[PDB]
Amino acid sequence: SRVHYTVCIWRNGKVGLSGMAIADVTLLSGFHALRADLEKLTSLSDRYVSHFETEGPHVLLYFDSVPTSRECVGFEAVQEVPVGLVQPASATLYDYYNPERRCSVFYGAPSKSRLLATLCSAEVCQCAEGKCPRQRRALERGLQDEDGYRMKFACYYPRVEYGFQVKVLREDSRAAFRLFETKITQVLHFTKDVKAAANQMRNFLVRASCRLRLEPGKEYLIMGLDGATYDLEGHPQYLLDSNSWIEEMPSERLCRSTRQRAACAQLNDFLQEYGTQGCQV
Amino acid sequence: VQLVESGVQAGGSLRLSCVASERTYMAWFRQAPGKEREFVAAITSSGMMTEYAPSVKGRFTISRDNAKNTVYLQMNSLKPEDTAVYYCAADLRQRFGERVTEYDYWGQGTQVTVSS
Amino acid sequence: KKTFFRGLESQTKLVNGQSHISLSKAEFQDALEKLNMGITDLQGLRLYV
Ligand SMILES: [Mg+2]
């Protein structure tokens, strides 16, 4: 219900305009700072902040001597209303005599990142904000539907613009996006990625802020919406966001027993029908 | 701005108290011979925030008194090999949870010994 | 040409949208002496706030 802040200010540009500064920070979307801690800071003998003003999510501080080395001064804040969405806040620091000499810095929640996640590559900078998908092990668990678990997902409620069966070779990381290098065995459905075929490599990106993982060596089935970014080689790149069907294809080792062979039959019926027919219904 | 601190077989309990003239976020540190001192826990000024070392998670607790302005630290379920000199230190700029040793006007501490 | 006093600055809140500030004679004379000047030189100069 409470969170502790920390404000560090310093200057390495003493050659330019110098003097004092006004540190204007914006608290989180619902928090408001404690007046008691700032009053204790100001009423010190060797006071570091000479003036302050707190109102809602706005805190104003006046630093009369900006040093060259780090000098952090902290306080506390309480919570009034819940944070409706994950977002980074801002903190500006103006120069007293020339307010045009400012410095604005974005900061994030105690566990999130300071900038909105975005898939950026050359000209295209497709957004990657929302939810991240789950690893639905439908085959492993016991469930049954009348061409509804996968055919309905591919042709009734969501419309999947691409679908492949791929093999995971290598795992990597790139900024905040976890990267999976996969090879396409057979193409199930495509709209824009016409050049995709067998023995072709593709990249799958998932935000590194959740638990999704693709083990190496295993074979998966990927289906979802087509992206807008391109790889370094000029080939389309796909983002594993929500409303995307990812499912490991069984290797028949844990399917030969009678119970799961019916589910495997439903699987093969699905893949064959979807590959050969163009999303009926 | 001066700090005064005052206050056993293994598996028992103890309650150290550190008193300071000024009311601030005085934290606790522990120093053992032959090795650099390491923190144990910290508390903010008002007292509604506490952090503890990973080795003592959910074991030691800190409270504060609003009348005499002192910090209390209870160590029920005392572990045999936690013997060290206990210090209470603080700074005047309210850097809550500042793990590294950047606390000014350090205290004198007390020697506490533990027997298995 | 503007010559600011490295000091004498005011930081006050606004009540009813108005704030009343003033420069005392003692502090003004101290600032003038720190600038290596006297009150006799204030002939054509103006106080810039
Ligand atoms: Mg239709």
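Residues numbered from 1 in each chain as written, not as in the entry; some residues may be left out. Chains lettered and ligands numbered in written order. Part of a larger assembly, values for the part shown. Heavy atoms only, no water.

If you check the header, you'll see the entry was determined by cryo-EM and the resolution is listed as 3.50 Å.

Chemist: When you look at the overall build of chain B in this model, what are you seeing that I'm missing?
Modeler: What chain B contains, in helices and strands, is zero helices and nine strands. Mapped in sequence order, the helices and strands of chain B form the string β-β-β-β-β-β-β-β-β. Here the C-alpha radius of gyration of chain B, 13 Å, is about what a compact globule of 116 residues would show, namely 13 Å. A principal-axis box enclosing the C-alpha atoms of chain B has dimensions of 40 × 30 × 25 Å. Of all 116 residues assigned to chain B, the portion counted as buried reaches 50%. Element-wise, carbon and sulfur atoms account for 51% of the exposed surface of chain B, whose accessible area totals about 5800 Å². Between the mean site of the 13 positive side-chain charges and the mean site of the 12 negative ones, chain B shows a separation of 6 Å. (Helix = DSSP H or I, 4+ residues; strand = E, 2+ residues; numbered from the N terminus. Rg over C-alpha atoms; globule rule 2.2 N^0.38 Å. Buried < 20%, exposed > 50% of the residue type's maximum accessible area, 1.4 Å probe, protein only. Areas by Shrake-Rupley, 256 points an atom, 1.4 Å probe, with all protein chains shown as cover. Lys, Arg positive; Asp, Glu negative; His and termini not counted. Charge placed at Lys NZ, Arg CZ, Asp CG, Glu CD.)

Chemist: Even after reading the chapter, I still don't get a nonpolar patch on the surface, so can you show me in this structure?
Modeler: Residues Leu35, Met37, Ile39, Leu42 and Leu45 of chain C make up a contiguous nonpolar surface patch of roughly 420 Å² in combined accessible area. Positionally, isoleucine 39 of chain C belongs in the segment after helix 1 (25-34). (Patch = residues over 30% accessible without salt bridge, like charges linked within 9 Å, V, L, I, M, F, W, Y side chains within 5 Å. Salt bridge = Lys/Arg side-chain N within 4 Å of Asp/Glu carboxyl O.)

Chemist: When you look at the pairing of strand 16 (residues 236-239) of chain A in this model, what are you seeing that I'm missing?
Modeler: Within a regular strand, the side chains alternate between the two sheet faces. All names here are of chain A. Where burial is concerned, the two faces of strand 16 agree: the one with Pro236 and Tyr238 and the one with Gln237 and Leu239 are both buried. Direction of pairing for strand 13 (residues 200-207) relative to strand 16: parallel, over a ladder of two bridges. Bridge assignment links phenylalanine 204 to a residue of strand 16, and that residue is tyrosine 238. Bridge analysis of strand 15 (residues 229-230) against strand 16 gives two bridges, and the strand direction is antiparallel. The residue bridging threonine 229 from the neighbouring strand is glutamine 237, located in strand 16. Adjacent in sequence and paired antiparallel, strand 15 and strand 16 are bridged by five residues, among which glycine 234 carries a positive phi angle near 95°. (Pairing = 2+ DSSP bridges.)

Chemist: Can you help me understand the interface of chain B and chain A in this one?
Modeler: One widely used convention gives an interface's size as the accessible area the parts lose upon coming together. Residue-level contacts link 12 residues of chain B with 14 residues of chain A. Summed over both sides, the interface of chain B with chain A buries roughly 1200 Å², with 50% coming from carbon and sulfur. Where chain B packs against chain A, one counts two salt bridges. A salt bridge links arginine 93 of chain B to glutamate 71 of chain A, with the shortest nitrogen-to-oxygen separation between them at 2.9 Å. The tally of links between chain B and chain A comes to seven residue pairs in polar contact. (Contact = heavy atoms within 4.5 Å. Buried area = accessible area lost by both parts, 1.4 Å probe. Polar contact = N/O pair within 3.5 Å; in protein donor to acceptor, adjacent residues only side chain to side chain.)

Chemist: What is the right way to read unusual backbone geometry from this model?
Modeler: Excluding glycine, most residues fall at negative phi; most peptide bonds, likewise, are trans. Of note in the backbone geometry, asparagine 69 of chain B takes a positive phi value of approximately 60° without being a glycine. When you line up the elements, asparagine 69 of chain B lands in the loop between strand 6 (61-64) and strand 7 (70-74).

Chemist: Which parts of the structure should I look at to understand the nonpolar core?
Modeler: Where a protein is soluble and globular, its nonpolar side chains tend to be buried together. Membership of the largest hydrophobic core comes to 30 residues, with the highest contact counts inside it found for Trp28 and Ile62 of chain B. Residue assignment for this core shows that the elements contributing at least two residues are strand 2 (15-20), strand 3 (27-31), strand 4 (38-43), strand 7 and strand 8 (84-89) of chain B. Top element by residues in this core is strand 4 of chain B. It accounts for five residues. Ignoring any residue separated from it by four or fewer positions in sequence, one finds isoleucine 62 of chain B in contact with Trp28, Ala41, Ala42, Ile43, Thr50, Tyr52, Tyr72, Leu73 and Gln74 of chain B. With 26 residues, the next largest nonpolar core counts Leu38, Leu41 and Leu44 of chain A together with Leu92 of chain B among its residues. (Core = buried A, V, L, I, M, F, W, Y, C linked by side-chain atoms within 4.5 Å.)

Chemist: Sorry if this is basic, but what is going on with the packing of aromatic side chains here?
Modeler: Applying the stated criterion to the full structure yields 18 aromatic pairs over all chains. Arranged with centres 6.0 Å apart and planes meeting at 70°, the rings of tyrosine 5 of chain A and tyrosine 107 of chain A form a pair that is edge-to-face. With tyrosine 5 of chain A in the loop between strand 1 (2-4) and strand 2 (7-8) and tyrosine 107 of chain A in strand 10 (residues 102-107), this pair connects stretches of sequence that are 102 residues apart. Ring geometry for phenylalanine 29 of chain B versus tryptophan 106 of chain B: centroids 5.2 Å apart, planes at 85°, classification edge-to-face. Placement of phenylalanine 29 of chain B in strand 3 and of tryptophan 106 of chain B in the loop between strand 8 and strand 9 (110-112) is noted, with a sequence separation of 77 residues between them. Given a relative accessible area of 3%, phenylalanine 29 of chain B falls into the buried group. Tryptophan 106 of chain B gets classed as partly exposed once you look at its relative accessible area, which sits at 27%. An aromatic cluster of at least three residues, connected via ring pairs, comprises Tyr25, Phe29, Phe39, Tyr87, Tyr103 and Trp106 of chain B. (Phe/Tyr/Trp six-rings, centres within 6.5 Å; stacked < 30°, edge-to-face > 60°.)

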